[PDB]
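Structural overview
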Amino acid sequence: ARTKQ
Amino acid sequence: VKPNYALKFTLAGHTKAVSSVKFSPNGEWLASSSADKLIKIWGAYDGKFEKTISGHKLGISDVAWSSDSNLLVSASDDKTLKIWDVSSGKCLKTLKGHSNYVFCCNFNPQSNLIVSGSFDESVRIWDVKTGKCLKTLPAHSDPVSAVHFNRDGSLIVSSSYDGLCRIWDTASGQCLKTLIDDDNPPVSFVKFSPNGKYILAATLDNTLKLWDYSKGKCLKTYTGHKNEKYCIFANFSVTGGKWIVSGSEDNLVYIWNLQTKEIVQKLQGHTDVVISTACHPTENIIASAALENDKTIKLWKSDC
């Protein structure tokens, strides 16, 4: 998700 | 003039990193999505928890309101979008078609269509009523970070890790424009301006840019924040002074004067990266949300 990169 | 945003409420509830916050168009509500697979609804003015909306099987990266404030659409790592009736909590439709994580979503201004972007490198357009995929656009060559309709819904803007923003004809699916500046960093966010004349794009070289997409020219850059890793939202604040608002990887909210490009305020309080910010449609209120070490949403208010 956006909360990981 | 500068704003005087001050912390009013801190909203706890999510059990993992918050991914996105959005104010309802009618100003009543704040919706949040999270890596915890949940959507939460909160009072926009008091931050009072309203309810939890549940159903995704994996984390959610984005949520967005229909223009009448009655529906939400969410984008999940479970490779679906879901359309929700906010009042009943009902999942009306599950949108299946993307082949990989869905990262971003929006209704068109009419709210009869949804646009979505995915790790699968496509942009999709969906019928809200039937929940069926109408068009798949082979839009990019890396994950799609953001998608947005323009003021009348005739255009879609998309951004991608491939370094491009693209403008699409909603009706035909044709690529009408590709925008890129002198370097090629990943584009981590994009949206049209409220008046529809501009797009505001974030790139992972600590830069926000305002473009005239019709002439294909970058008109303004906003710098001073930290953004090299995460897909951080940016906003136009239009209720008081005309600002640009964004989170940052130094745990602050940044506010710039749109015309002058000077930083006018930095909001301190979060304990992790501020991944998302939103601006209330009628009052000078900002919502900010932070990553896994923090897990909270903050509401800030200004006299201008």
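Residues numbered from 1 in each chain as written, not as in the entry; some residues may be left out. Chains lettered and ligands numbered in written order. Heavy atoms only, no water. Residues with missing side-chain atoms left out of burial classes, pairs and counts.

In the nomenclature of the PDB entry, chain B corresponds to WD repeat-containing protein 5 from the organism Homo sapiens. This deposition appears in the PDB under the title "Crystal structure of human WDR5 in complex with monomethyl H3R2 peptide". Under the Sequence similarities heading, UniProt states for chain B: "Belongs to the WD repeat WDR5/wds family." (UniProt positions renumbered as here; feature names shortened; annotations may be inferred.)

With that settled, consider the interface of chain B and chain A. Each side of the interface is counted separately: chain B has 15 residues, and chain A has 5 residues. Considered class by class, the residues forming the side of chain B that touches chain A number 9 nonpolar, 3 polar and 3 charged. (Contact = heavy atoms within 4.5 Å. Nonpolar A, V, L, I, M, F, W, Y, C, P; charged D, E, K, R; others polar.)

Right, let's talk about the packing of aromatic side chains for a bit. Residue and element names in this part refer to chain B. For the coordinates displayed, the defined rule picks out 6 aromatic pairs over all chains. With a centroid separation of 5.4 Å and 55 degrees between ring planes, the pair formed by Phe 189 and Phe 233 is classed as tilted. Taken as a pair, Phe 189 in strand 18 (residues 187-192) and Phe 233 in the loop between strand 21 (217-222) and strand 22 (234-237) lie far apart in primary sequence, 44 residues in all. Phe 233 carries the same exposure label as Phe 189, and that label is buried. Here the aromatic cluster, defined as three or more aromatic residues joined through ring pairs, consists of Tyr 222, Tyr 254 and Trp 256. (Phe/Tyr/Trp six-rings, centres within 6.5 Å; stacked < 30°, edge-to-face > 60°. Helix = DSSP H or I, 4+ residues; strand = E, 2+ residues; numbered from the N terminus. Buried < 20%, exposed > 50% of the residue type's maximum accessible area, 1.4 Å probe, protein only.)

Moving on: the pairing of strand 26 (residues 274-279) of chain B. Consecutive side chains along a regular strand alternate between the two faces of the sheet. All names here are of chain B. Counting buried positions along strand 26 gives 6 out of 6 residues, so the element sits mostly inside the fold. Pairing geometry for strand 26 and strand 27 (residues 285-290), over 5 bridges, is antiparallel. Within strand 27, the position partnered with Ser 276 by the bridge is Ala 289. Once strand 26 ends, the chain turns through 5 residues before running back antiparallel as strand 27. (Pairing = 2+ DSSP bridges.)

Residues and elements named next belong to chain B. Despite not being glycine, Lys 79 has its phi angle at roughly 75 degrees, a positive value. Position of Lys 79 relative to the elements: it lies in the loop between strand 7 (71-76) and strand 8 (80-85). Classification of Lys 79 by relative accessible area gives partly exposed; the value is 38%. Positive phi values are uncommon outside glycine, yet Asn 206 reaches one of about 60 degrees. Relative to the elements of secondary structure, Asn 206 occurs in the loop between strand 19 (198-203) and strand 20 (207-212).

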